[PDB]
Structures are given as C-alpha cells and as structure tokens.
C-alpha cells in the first residue's frame, strides 16, 4: 500500500476503465506531500478529467431535456428532471472542489520556482476545473468562479510565455483551453481568436525545434488550434 503500489493500482484502474478508483488512488499519492513524476502527474490529471467528463456529459444531456420540456404538460416529471440535474451538479461540484483542493494544498504549494512546467500544468488544471464550475452556475455564483479561472489562466499564460517554448505541449494546451474559456464562457470571440492565433503563429515560427520524443502531442494541439480558428472565423 506504499506509493509504488498506489500508482500500480491507478495504472490498473485505467486499464479497467475504473476512473473513480484511478482518481482516488492518485488523490492519495497527491496527499503524500511529494512531487509528482511526469507519468504520475499525467495519470492524476487523466483520471479526474474522465471522472469530471462523465458528469459533464450526463449534465448536458439532462439539461437539454429541461430546455426541451420546459413547461410541456406534466410538471411533476420536470421536478424529477430538475432534482436529477441538481444531483449531477452536486457530484460535479464535489469532484471539481476535490481537484481544486489538491492543487492549492499539495501540488501548487510543493511547486518550486524552477519547476515552470509543473507550475503551468497545475495552474491550467485550476483554470479548467474552475471553468467546469462556471458551466454549472447562475447569477453571482458564476462570476465568482469565473474570476477564479481568469486569474488561473492569465497567471499561467504569463509564466508559460517566458520560461517555456511555444511548441511545448503544456504551453499549447494552456492557450487552447484559455481560448475556450474566452469563447464559451466569456462570449468573447475576438479575444479567443487572437489568443489562439498568437500561440499558433508562435509555434509555427519554431517548427524545427520539435524533438522526436514528444512531437505528436504538440502537433495534435496545433491541429486543434487550427481547427477552432477555422470554425470561429
């Protein structure tokens, strides 16, 4: 039940597609107050993303049912859909607050000044899981967590711009989700198009710097950046 065994369990849960156990195993490894390896860092992020992704997918389906049958006939059935939707939000908000707690207590705190890659990695997770909370929010509760995601992306944007190559996967992934936060959340298409094209052109300027070790990860995000830029114009 040591650190090596918990990572082995998280590897098994990913093979068994039991992402709930995978996120629970990597949560305990995070709670060991030790730095996370690049493999352990990716397994922790993949686990919670699939867990929160399952609740987001279920929420979009049920919320679409409410938008369709707003006041169509039976009102008691809408009460069942509303309580089912609010139960999904309670599970989604609990998973997000679980990730945001591990970041600001075990991951961001343990990051040194020289660990720029791990700092931008965890800062984008804070911006992502706060954006997911902004997806489920109304009134002041939305803008309260939107600014929490605005400060998480903008801070990582200033850090990853200086001490990181423009062709780095974490750099491109940060600019991708940041443009998504500017488009879907803030309804600012001009800010998203400019930010996406800026990181895209910055990556094109140094295409010769791609190493044979990790290049498909970089080309995939650049392809996603070009796809979103083509449909946003």
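So that the term is clear: the rigid core is the largest set of C-alpha atoms that superpose within 1.5 Å between two forms. Positions refer to the first chain, counted from 1.
- Larger root-mean-square CA separation from the shown form, computed after a rigid core fit of the structures in 9 other deposited structures of this protein, is seen for 202 to 210 when 202 to 210 is set against 54 to 62.
- Coverage remark for residue 155: present in the model in all other entries compared whose chains are built on both sides, leaving no third without it.
- Modelling of residue 71 is missing from a third or more of the other compared entries in which both of its neighbours are modelled.
- Relative to its counterpart among 109 to 117 and 94 to 102, 109 to 117 has the higher mean temperature factor, C-alpha atoms as listed in the PDB entry.
- Of the two segments, 44 to 52 and 186 to 194, the one listed with the higher mean B-factor is 186 to 194 (C-alpha atoms only).
- In this entry, the residue among 204, 62, 174, 26 with the greatest C-alpha B factor is 204.
- Residue 233: CA B factor in the highest third of modelled residues in this chain (values from the PDB entry).
- Per-chain ranking of the deposited C-alpha B factor places residue 39 in the middle third.
- Among the modelled residues of its chain, residue 33 has a C-alpha B-factor that falls in the highest third according to the deposited record.
- Per the deposited record, the Cα B-factor of residue 209 falls in the highest third when ranked against the other modelled residues of its chain.
- Ranked by C-alpha B-factor against the other modelled residues of its chain, residue 155 falls in the middle third.
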